[PDB]
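Remarks on the structure that follows.
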Amino acid sequence: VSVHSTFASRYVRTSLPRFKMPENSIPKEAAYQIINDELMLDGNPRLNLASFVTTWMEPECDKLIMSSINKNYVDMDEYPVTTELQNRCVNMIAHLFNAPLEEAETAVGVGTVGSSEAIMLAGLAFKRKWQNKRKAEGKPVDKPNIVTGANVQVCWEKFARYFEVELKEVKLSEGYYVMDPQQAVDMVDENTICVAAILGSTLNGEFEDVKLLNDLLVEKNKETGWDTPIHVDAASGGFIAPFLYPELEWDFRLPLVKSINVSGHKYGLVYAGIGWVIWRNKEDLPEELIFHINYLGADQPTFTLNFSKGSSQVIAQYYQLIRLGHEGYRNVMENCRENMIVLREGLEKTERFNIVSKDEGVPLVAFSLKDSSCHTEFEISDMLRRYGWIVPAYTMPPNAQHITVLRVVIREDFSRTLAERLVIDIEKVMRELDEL
Amino acid sequence: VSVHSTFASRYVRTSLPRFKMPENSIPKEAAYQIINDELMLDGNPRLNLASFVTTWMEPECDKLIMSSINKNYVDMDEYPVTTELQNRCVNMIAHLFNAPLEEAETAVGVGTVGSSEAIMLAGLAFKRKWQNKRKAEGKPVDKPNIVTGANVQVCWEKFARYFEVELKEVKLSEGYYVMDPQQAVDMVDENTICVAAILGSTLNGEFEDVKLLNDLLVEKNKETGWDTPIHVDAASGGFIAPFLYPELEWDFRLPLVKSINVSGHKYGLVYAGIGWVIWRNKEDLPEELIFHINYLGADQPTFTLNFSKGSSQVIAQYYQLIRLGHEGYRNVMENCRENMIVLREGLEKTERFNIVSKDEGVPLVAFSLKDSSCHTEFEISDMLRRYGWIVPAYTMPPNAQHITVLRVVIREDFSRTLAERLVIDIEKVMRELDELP
Amino acid sequence: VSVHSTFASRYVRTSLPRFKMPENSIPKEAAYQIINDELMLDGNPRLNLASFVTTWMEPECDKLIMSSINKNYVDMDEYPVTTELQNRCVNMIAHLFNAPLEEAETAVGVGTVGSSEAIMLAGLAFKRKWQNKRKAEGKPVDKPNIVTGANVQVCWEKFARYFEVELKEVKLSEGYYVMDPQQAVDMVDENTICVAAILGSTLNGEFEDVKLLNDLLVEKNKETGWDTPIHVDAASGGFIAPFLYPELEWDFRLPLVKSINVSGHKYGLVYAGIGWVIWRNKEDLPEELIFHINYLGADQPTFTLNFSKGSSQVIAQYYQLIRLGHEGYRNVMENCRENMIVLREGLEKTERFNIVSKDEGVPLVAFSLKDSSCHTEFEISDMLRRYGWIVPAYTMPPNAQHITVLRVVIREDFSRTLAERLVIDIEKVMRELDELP
Amino acid sequence: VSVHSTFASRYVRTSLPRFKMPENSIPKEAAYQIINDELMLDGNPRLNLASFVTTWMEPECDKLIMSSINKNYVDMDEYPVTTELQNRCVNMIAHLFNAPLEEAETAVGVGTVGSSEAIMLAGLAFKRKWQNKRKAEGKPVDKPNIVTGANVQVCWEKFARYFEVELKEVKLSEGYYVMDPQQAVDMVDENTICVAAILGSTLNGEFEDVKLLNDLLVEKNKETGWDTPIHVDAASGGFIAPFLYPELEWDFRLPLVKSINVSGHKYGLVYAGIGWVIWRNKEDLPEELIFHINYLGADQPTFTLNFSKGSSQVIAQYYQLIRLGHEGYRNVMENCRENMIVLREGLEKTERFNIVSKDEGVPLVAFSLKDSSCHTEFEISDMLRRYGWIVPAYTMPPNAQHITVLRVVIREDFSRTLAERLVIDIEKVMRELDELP
């Protein structure tokens, strides 16, 4: 009958459907096993050093997530507490970024699926706010633009293309992989809806000099009369600076910073599926972008590109915030920074590489091969795959397309034990290459 | 030291922070307990009859989800199989909608967070495809529009506003709560990037007459020369029609249907966080909308408003598809339809209500009070809250803002036992009202 | 075959049997799901503020319980250790109540299902001890009685009726909701088998003045020559006084207190199913009430109305005792008292209510509406149901039937977070009422 | 700090408190371990062949139990569904006993902790009903009595003593271990509140001839004019006869049977903590015994000696009923009967014993030693302890206090594998004895 174990049955004799949906059902145990088995050919997230996204949470947090995988977030009326936790996160992150708040005041911001959606909401606010200002002056509004560096993350290219905004990029120079504040301010014109600075480049983890950008842009504003704003893409750096570098002025402490995005699922220490965007003041979020629906129970102030979605990541974020606090996050970041140094040194000791990333910034290590003659960084990346390590290789954006680097992101769940094994295995790979 | 139970400690004496992040850490057990406890004041999803979103999956599927909550979907190179499963879902859903496919041909479509994102991608494709066509004819492209009914879901209003497209709505009439195909086709002009039909209105679960819309629009196309396309918002109906009403022509069988969206987390039987959008042919998705990145390992063809996101729902969807098959989905939908009838009858038997939803369509029941004099539907909604039921009340869109209805969505995890208890508790509520001002 | 998920099967199409037992079996997964689903229409115990019974235990204690749900307590020979733990609990509770015990002496008492059974065993001991004393003096024994306040818990009415004893009640006055010691002593006659004082009234959580009752009754005993005893119903207060108020003399420190009952599943911090009764000395438990059976293995000294029963609560009780100790229990009670104050203040701040409960006593808050004109406390109780809170309303006993109160019991698992949300939601309910007929 | 494992800490150096409650808390892990460890010196319930109480349930049922260990049953208003399930069980058991019920009429009965409480409620109803009848005739009511066999279970002795009713016992004869219907009817007088027959004696699992008792008592009723009722103590047999011997008339099919008790935690296949009592008609339960309280939310019709208690067993019972149905219970009982035969034969094959139990009745085997000279049954009981088997030895009641038997109860979780190992180990024990003084 159904007494056969899954591997004694005839279900393991058929490969999983690729094109058509099967006509008949198969036992749940069988479906679980075969899908689970093929998934083993995926890489191990914990060994995926290419990603900035968190790959480990406390078991206690796994429970909260599982207890609420069936809670659709968008059901505000049905789940009042879930909605409140989202608001509290916005408040806590807002204060974390030194937003102009009156202590018990409600912050302006929203939780998103990730920085991608956060960036596009921020962009929309900028575009609209700019359109309104111009229409009020009679001026034309057909050629909006944004100013960023060539190190800009794909999400800004998506925004530019889909929302018909021009992307003005400051090109990179050899040995200079972030956006030059000066060149950026010089590109600003009357059609610039904002200048987007990146606090933690995905290329070498460097923080851009937001304070300098603010200083120069304030000066230019006195001349041009345009009120060009700054947006800080703190996808990763947003949950690092406040704890490692509270001294660094990059946030709402700078007058021109009007909105900030940060990924909760990066250094916010949550599984993939959570991002945040904060606005300096209510005025920075045009009221006409906000919707109020009522077919689910009552009226709700929504500003998102998504609707139905899991609420587990929101809850998970709140857990991390109140469970860790400043203390916990500082400890985690310090551990990450420490491991970065350990990995950095180990690579310097071989005298085979050029460290192309900075000492401070995002906890990661980007490096190139001294003399990329007989062997390329791509070969090293492939070689490491055999050991289970996933370490990416890529070329820099113009005008540094001649520079190719390897990147290792240090996350919360990357212990010293793994760091030291990585160095050893990298050395082994270099030897295997010396004989080819 | 730390031998105190959470409720013997001093952590249960402080209320959870609302504004500022705490300076110090607190024990994991304590943080878990207090957050878990406050969450109890949330409603029970299983009793939330307001939602179309699935609130139950098999334990076996819970495991798959948990085993991959740390797999970031966007890491294509790192997780080849996760990406493949997404492709297979696109293929299977494409065939399910009778897309023009050559057996082993790869379908054109993408997985999304939900229908909201799917709709905006579909809209973008329409807008761009329209812009290109017009620019090629030297014609202007500054006033794009979309034609839908007033029963349109908020997501189309979002799209219209954010992507600067005009929303032309066909208004509702009393007793007529879907979009009239005729009036819709008459609104079509040279600037219409598409006509969006809804296969399962969130208002009364009715399927719009997509076939008629197609027939009329094909005729108008012969005259105008415009190539006005149809998009079917099958957020819910997409996973119902193929199994309950296969004969019904609403999908790619209709020549003018160029793209379809469907929510996996609705009647796709997956937890919240998964949607799909299918395109009839490659030509319907302008190539310049597609990106190819390579800073994570290699080049990948992405067309989404999101980037990093969980891959658990994608995997969960594939599980449901190959585990249930046509048979399983049919069985679930038949069970849902059956329970709808049971609830419908029970309400008819009281002769207190007007059933404002149809016999066939989305498994739900929308009804109004005969004689809304002494008591309103909103009162009934509040009353039911006491028993734990969440049943929404709302006024129809114009021109029917004088029509107020209650809606009960029947989902996969809504058994006959619950259906019958709902009828009983609704009757109890009506009596409690018969003795009030 | 059996590959269908429960919600794809035909078992969710039938409602659960109400009258007749089904002829055929159904899959275990199916039976589990449907029963589990209907149970969702039960209230959430953690939000049930009407109950004094514990609704949360440590996960470690859940394991002990599960590990022994199959251990039938009555099997003394088979489970020697389970029986010993029961004895240790009796000893520990006896000392906790300052019973006259020499070092390492075995206390006189038994574990019960709850205070209900404990009270009836205590009553039986009193009745029998009284019958014996009277029969020895040749005096009549046909009209026994007990003296308590009108605030007496139903369990004493059960005892009176089933064991044919007369219940003499001291009536309540407005603003005076406990038993007046003086009036009580005045009701005592030759047929009074005992005077039952309540240490924590279920009506306003007030402790009755047991010490005064003892003082007056000792005086009356010098006159009448009757040896009228006192029983303290410490169902809830029994696990509160020893930790919050050790100075308060209410227990065996008072000479006339002959027996005490306490509920382990109330503030003893155990799940429902455990109570205790302690006797001052061996002489207070007539030997002829004890049985010795031998059909299970050997002879055993049983004094209970029950036989077979779970032993998990007994084990759970012992766990709580040795795991928490004085320190743990004090911490839990202090937390409960603190939360009571927080809730009390929040209600005072609205100036809408009259706090009818005292500052010290059982951690709870009983309050009435100032001016019960346009709205009653019952309306507030119903309104709160919508949020998930269960807060009861009830009228006092004679002669205070004109006084209606709301009661909120603060238990171990009621954190400050919940306390503050309760205040907020109560305020919301008051506003919703300010706009009604 | 607290990094020490429990067995590396100083908590395993102190023995668990026996008399005084500890001053300080200890880590939960430590308390769990030490208590769990000492409990290992308890016998294994699954190997306890002395008990009639179920020692195993399906894992699915363990979940239901755990999900509701915090639901206090007595909270009717708070847990409506829990209360309903109790009612459904009463209905289903009532029909199972062929009670005079229409459709769909509500049965008269209540769930209890066990048969002990059920018996005392049944007794109370009898006593009261008898008192009323006599007071109406101006006759005296000071000497009530009950008629049973000497094989009567201790619970009837408890009732007799605590509720001051005289116990008239029909003595046992050698080879005759149940109550003789004739002698019983002859003992009936005007003061007999009922005759209690036992459907499954705890001594040899024999069913008493209830039908004969009814026939004789109906005749005597025609003469005496007294309306002497019958109560059937079906503690165990209640869940056996309906499935193995539906032909047997023992229940409400007999006119004189006015009430029946049965233990859910025996052959009802539930863990310890559930019993039931059914009444033939509403008239058999005097209305003045029923209480209606309202301090928890609303009025509720309670008739129990207990108050607060777990509701897990009630839910567990309902699960078993609808999950197994007639089919499941029959299968379980047939398996139990089969294993009884296997064990019976194995003992007959040794020609060392006298089978003192019958072929049909409760699935068990009671046997004595042929020639109890050099060795007693008690020695065999002790010997078996070494292997882990718990098999009791006991002497019959008068006039058979010379007969000593061993009893093996066959429960649901006693497979053929265990049955065969028992026979083997019993043979081993007999040999070990053949070589002793």
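Ordering of the structure tokens sets the chain letters (A, B, ...), residue numbers begin anew at 1 in every chain, and ligands are numbered from 1 in the order given.
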Problem set entry | At most 7 Å to chain B: residues in chain D, only C-alpha atoms, as a ChimeraX atom specification | /D:25-28
Near stretch 62-79 of chain B, within 6 Å and counting only C-alpha atoms, which residues show up once chain neighbours fewer than 4 positions away are dropped, as a PDB file with C-alpha atoms, in the first residue's frame?
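Here's the written file result-v6.pdb:
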ATOM      1  CA  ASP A  42      22.925  24.573  -3.634  1.00  0.00           C
ATOM      2  CA  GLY A  43      25.877  26.183  -1.890  1.00  0.00           C
ATOM      3  CA  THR A  55      22.734  33.582   7.173  1.00  0.00           C
ATOM      4  CA  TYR A 271      17.281  36.663   7.481  1.00  0.00           C
ATOM      5  CA  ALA A 272      16.637  37.934   3.947  1.00  0.00           C
TER       6      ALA A 272
ATOM      7  CA  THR B  83      16.897  29.582  -9.233  1.00  0.00           C
ATOM      8  CA  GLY B 297      29.505  35.623  -9.705  1.00  0.00           C
ATOM      9  CA  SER B 308      17.511  40.453  -1.875  1.00  0.00           C
ATOM     10  CA  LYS B 309      14.597  38.405  -0.557  1.00  0.00           C
ATOM     11  CA  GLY B 310      13.742  35.031   0.944  1.00  0.00           C
ATOM     12  CA  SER B 311      13.677  32.041  -1.391  1.00  0.00           C
ATOM     13  CA  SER B 312      11.532  29.923   0.921  1.00  0.00           C
TER      14      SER B 312
END
Problem set entry | Shell of 10 Å around residue B:33, only C-alpha atoms, local chain residues under 4 positions omitted, as a PyMOL selection string | (chain A and resi 60+64) or (chain B and resi 6-7+12+28-29+37-39) or (chain C and resi 413+415)
Keeping only N, CA, C and O atoms, write those residues as a short mmCIF file (atom, residue, chain, number, x, y, z; two decimals), in the first residue's frame.
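again.cif was written with the following content:
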data_model
loop_
_atom_site.label_atom_id
_atom_site.label_comp_id
_atom_site.auth_asym_id
_atom_site.auth_seq_id
_atom_site.Cartn_x
_atom_site.Cartn_y
_atom_site.Cartn_z
N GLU A 60 15.84 30.91 19.12
CA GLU A 60 14.68 31.59 19.69
C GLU A 60 14.00 32.45 18.64
O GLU A 60 12.78 32.60 18.63
N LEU A 64 9.98 32.49 16.58
CA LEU A 64 9.14 33.65 16.30
C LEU A 64 8.77 33.69 14.82
O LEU A 64 7.61 33.89 14.47
N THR B 6 11.90 33.57 33.34
CA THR B 6 11.63 34.86 32.74
C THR B 6 10.60 35.68 33.53
O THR B 6 10.71 36.90 33.61
N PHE B 7 9.62 35.00 34.12
CA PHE B 7 8.56 35.69 34.85
C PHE B 7 8.92 35.96 36.31
O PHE B 7 8.14 36.56 37.05
N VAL B 12 10.33 41.40 32.91
CA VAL B 12 8.88 41.43 32.72
C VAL B 12 8.26 42.60 33.47
O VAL B 12 7.04 42.77 33.47
N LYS B 28 18.02 36.03 25.69
CA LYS B 28 17.23 35.62 24.54
C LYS B 28 15.86 35.07 24.94
O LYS B 28 14.85 35.38 24.31
N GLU B 29 15.83 34.25 25.98
CA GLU B 29 14.57 33.68 26.46
C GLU B 29 13.59 34.77 26.88
O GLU B 29 12.39 34.67 26.64
N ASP B 37 4.42 37.15 23.72
CA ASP B 37 3.23 37.42 24.52
C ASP B 37 2.40 38.57 23.95
O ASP B 37 1.18 38.46 23.86
N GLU B 38 3.05 39.66 23.57
CA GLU B 38 2.33 40.79 23.01
C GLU B 38 1.70 40.43 21.66
O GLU B 38 0.63 40.94 21.31
N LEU B 39 2.36 39.56 20.92
CA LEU B 39 1.84 39.09 19.64
C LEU B 39 0.54 38.31 19.78
O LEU B 39 -0.17 38.08 18.80
N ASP C 413 2.30 34.95 34.55
CA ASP C 413 2.66 35.19 33.15
C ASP C 413 2.03 36.46 32.58
O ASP C 413 1.79 36.55 31.38
N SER C 415 2.91 40.12 32.10
CA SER C 415 3.99 41.10 32.14
C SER C 415 3.50 42.54 32.11
O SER C 415 2.31 42.81 31.90
#
Exercise. Among stretch 31-231 of chain D, which residues carry a DSSP assignment of strand (DSSP E or B), reported as a VMD selection string?
Worked result: chain D and resid 48 72 108 to 112 145 to 149 166 to 170 173 176 192 to 199 207 230 to 231
Exercise. Residue B:380: which residues within 10 Å, counting only C-alpha atoms, same-chain residues fewer than 4 positions away excluded, as a list in words?
Worked result: residues 369, 375, 376, 384, 385, 391, 392, 393, 406, 426, 429, 430, 432 and 433 of chain B
For this session: Give as a ChimeraX atom specification every residue of chain A that touches chain B within 6 Å, counting only C-alpha atoms.
Result: /A:18-26,31,39,42-43,55,70,72,78-81,88,91-92,116-117,271-273,295,297,306-307,309-310,323-328,392,394
For this session: Please identify all polymer residues within 8 Å of residue A:256, counting only C-alpha atoms, omitting same-chain residues fewer than 6 positions from it, and present them as number ranges by chain.
Result: A: 214, 217-218, 228-230
For this session: Per DSSP on the backbone, filter stretch 132-247 of chain C down to the residues in helix (DSSP H, G or I) and report them as a PyMOL selection string.
Result: chain C and resi 132-136+154-162+181-187+210-224+237-239+241-244
Please produce an output containing C-alpha atoms for each residue in the selection, written as an mmCIF file, in the first residue's frame.
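Saved the output as part_29.cif:
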data_model
loop_
_atom_site.group_PDB
_atom_site.id
_atom_site.type_symbol
_atom_site.label_atom_id
_atom_site.label_comp_id
_atom_site.auth_asym_id
_atom_site.auth_seq_id
_atom_site.Cartn_x
_atom_site.Cartn_y
_atom_site.Cartn_z
ATOM 1 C CA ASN C 132 -17.293 11.726 67.568
ATOM 2 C CA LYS C 133 -16.963 14.435 70.210
ATOM 3 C CA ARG C 134 -20.739 14.784 70.504
ATOM 4 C CA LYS C 135 -21.499 11.050 70.507
ATOM 5 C CA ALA C 136 -19.018 10.759 73.369
ATOM 6 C CA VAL C 154 -19.217 27.641 45.619
ATOM 7 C CA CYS C 155 -17.206 24.671 46.887
ATOM 8 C CA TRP C 156 -18.510 25.183 50.430
ATOM 9 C CA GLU C 157 -22.075 25.193 49.137
ATOM 10 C CA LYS C 158 -21.368 21.911 47.367
ATOM 11 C CA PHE C 159 -19.993 20.433 50.583
ATOM 12 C CA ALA C 160 -22.926 21.686 52.648
ATOM 13 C CA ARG C 161 -25.503 20.246 50.254
ATOM 14 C CA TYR C 162 -23.840 16.911 49.470
ATOM 15 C CA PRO C 181 -15.118 38.203 62.442
ATOM 16 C CA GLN C 182 -17.458 39.471 65.170
ATOM 17 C CA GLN C 183 -20.733 38.581 63.438
ATOM 18 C CA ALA C 184 -19.191 35.221 62.563
ATOM 19 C CA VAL C 185 -18.290 34.299 66.143
ATOM 20 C CA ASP C 186 -21.786 35.337 67.231
ATOM 21 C CA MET C 187 -23.320 32.821 64.808
ATOM 22 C CA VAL C 210 -8.109 35.384 60.563
ATOM 23 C CA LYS C 211 -6.150 36.547 63.613
ATOM 24 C CA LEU C 212 -9.110 38.536 64.936
ATOM 25 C CA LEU C 213 -11.437 35.603 64.282
ATOM 26 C CA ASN C 214 -9.065 33.402 66.267
ATOM 27 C CA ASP C 215 -8.859 35.879 69.141
ATOM 28 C CA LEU C 216 -12.637 36.249 69.463
ATOM 29 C CA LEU C 217 -13.263 32.519 69.061
ATOM 30 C CA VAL C 218 -10.744 31.622 71.770
ATOM 31 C CA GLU C 219 -12.672 33.880 74.143
ATOM 32 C CA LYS C 220 -16.020 32.350 73.205
ATOM 33 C CA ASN C 221 -14.497 28.893 73.660
ATOM 34 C CA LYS C 222 -13.680 29.697 77.288
ATOM 35 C CA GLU C 223 -17.382 30.380 77.837
ATOM 36 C CA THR C 224 -19.241 27.837 75.713
ATOM 37 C CA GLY C 237 -3.661 33.489 49.267
ATOM 38 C CA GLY C 238 -1.859 30.394 50.525
ATOM 39 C CA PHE C 239 0.999 30.858 48.058
ATOM 40 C CA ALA C 241 1.107 35.500 52.125
ATOM 41 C CA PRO C 242 4.146 33.355 53.002
ATOM 42 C CA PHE C 243 6.220 35.342 50.495
ATOM 43 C CA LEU C 244 4.778 38.864 50.453
#
For this session: Write out as a VMD selection string which residues come within 12 Å of residue A:432 when counting only C-alpha atoms, dropping same-chain ones fewer than 3 positions away.
Result: chain A and resid 375 379 to 380 383 to 384 425 to 429 435 to 436
Mind running stretch 356-418 of chain A against stretch 174-184 of chain A at 12 Å and telling me each contacting residue's nearest atom pair with the distance in Å (one decimal), counting only C-alpha atoms, chain and number ascending, as CSV?
residue,atom,partner,partner_atom,distance
A:356,CA,A:175,CA,7.5
A:357,CA,A:177,CA,9.0
A:358,CA,A:177,CA,10.6
A:366,CA,A:177,CA,11.3
A:367,CA,A:175,CA,11.7
A:368,CA,A:175,CA,11.5
A:395,CA,A:177,CA,11.5
A:396,CA,A:177,CA,8.0
A:397,CA,A:177,CA,8.6
A:398,CA,A:174,CA,9.1
A:399,CA,A:174,CA,7.3
A:400,CA,A:174,CA,5.3
A:401,CA,A:174,CA,8.9
A:402,CA,A:174,CA,8.4
A:403,CA,A:174,CA,7.5
A:404,CA,A:174,CA,11.0
A:405,CA,A:177,CA,11.7
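Taking atom CA of residue D:332 and atom CA of residue D:414 as the two end points, the separation is 10.3 Å.
Distance check against residue D:178 using only C-alpha atoms: of D:428, D:262, D:246, D:357, the minimum falls on D:357.
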For this session: Would you kindly return, as a VMD selection string, each protein, DNA or RNA residue with an atom no farther than 12 Å from any atom of residue A:133, considering only C-alpha atoms and excluding same-chain residues fewer than 5 positions away?
Result: chain A and resid 126 to 128 138 to 141 190 to 191 193 226 to 228 284 286
Create the file for the chosen residues now, containing C-alpha atoms and written as a short mmCIF file (atom, residue, chain, number, x, y, z; two decimals), in the first residue's frame.
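The resulting file, part.cif, is reproduced below:
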data_model
loop_
_atom_site.label_atom_id
_atom_site.label_comp_id
_atom_site.auth_asym_id
_atom_site.auth_seq_id
_atom_site.Cartn_x
_atom_site.Cartn_y
_atom_site.Cartn_z
CA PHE A 126 12.71 62.90 -4.32
CA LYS A 127 11.29 62.97 -7.84
CA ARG A 128 7.82 64.01 -6.70
CA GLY A 138 6.53 77.13 -13.56
CA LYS A 139 9.80 75.43 -14.53
CA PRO A 140 9.98 72.25 -16.69
CA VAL A 141 10.03 68.77 -15.13
CA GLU A 190 18.73 72.28 -11.71
CA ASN A 191 17.29 68.89 -12.69
CA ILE A 193 16.43 65.44 -7.66
CA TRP A 226 18.40 74.92 -5.93
CA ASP A 227 17.72 72.90 -2.80
CA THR A 228 19.61 69.78 -3.84
CA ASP A 284 10.40 65.01 2.69
CA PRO A 286 5.05 64.08 -0.38
#
